[PDB]
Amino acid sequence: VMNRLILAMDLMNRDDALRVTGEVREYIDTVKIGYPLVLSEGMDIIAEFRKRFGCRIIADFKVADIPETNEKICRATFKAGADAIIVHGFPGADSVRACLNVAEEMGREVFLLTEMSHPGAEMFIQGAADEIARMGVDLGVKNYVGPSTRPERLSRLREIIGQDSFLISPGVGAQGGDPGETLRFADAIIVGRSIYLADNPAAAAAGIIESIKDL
């Protein structure tokens, strides 16, 4: 990813989302779009962004349903133009395999979310996260998501998935995570609020990048 930085575009109205993404485009090549924006402006916003910015789009839908419904969600998401979709591994292997089958059919990618970055992740997800990561490896998953807020857990996740797997990580900035430390284990960092709520989003992105390039 350009500059190893992925923008989490979670503003909820089209005009502000387009403005901020355009302001930081020279510093990124990948935008993560989720439900806050899609449920407010429609799935057509994915194709609009992909075209307008010529960026790769990751649909962060944290898919967490039964196999049959996960297939339908993945199919609609790829039909809308997304390059990849983020899927929860907590619901099990069949649910993840349903997503992988659709990505294979459509020439796209699945990112497996192992451990989440917020405090509540410690209650149930953290204890199952190493096993969720191993399950991903056993299913042939090559793209993963792990927590910036717990670099020791990000390290253990990297250990399980190997150096060849691609690992992205949210929780940088607003949630407390550090760009440099996170990039010791992740290939790219996801940043949302630290950039999109900034008085000058481009300056915020530029500052993050400067603290990175020094790695």
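The first residue of the shown sequence is 1; numbering continues from there.
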* To do: Could you check which stretch, 13 to 21 or 203 to 211, carries the larger mean CA temperature factor in the entry?
  => 203 to 211
* Residue stretch of maximal mean CA temperature factor, 173 to 181 vs 48 to 56 -> 48 to 56
* To do: Using the temperature factors in the entry, find which of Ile168, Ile33, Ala64, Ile160 has the highest value at its Cα atom.
  => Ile160
* Of the three thirds of its chain by CA temperature factor, lowest, middle or highest, which one includes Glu152? -> middle
* Compare the C-alpha B factor of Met135 with those of the other modelled residues in its chain, then answer lowest, middle or highest third. => middle
* Ranked C-alpha temperature factor of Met43 among modelled chain residues, by third -> middle
* Looking at the entry's B-factor column for C-alpha atoms only, identify whether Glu68 ranks in the lowest, middle or highest third of its chain. => lowest
* Chain-relative CA temperature factor third for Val1 -> highest
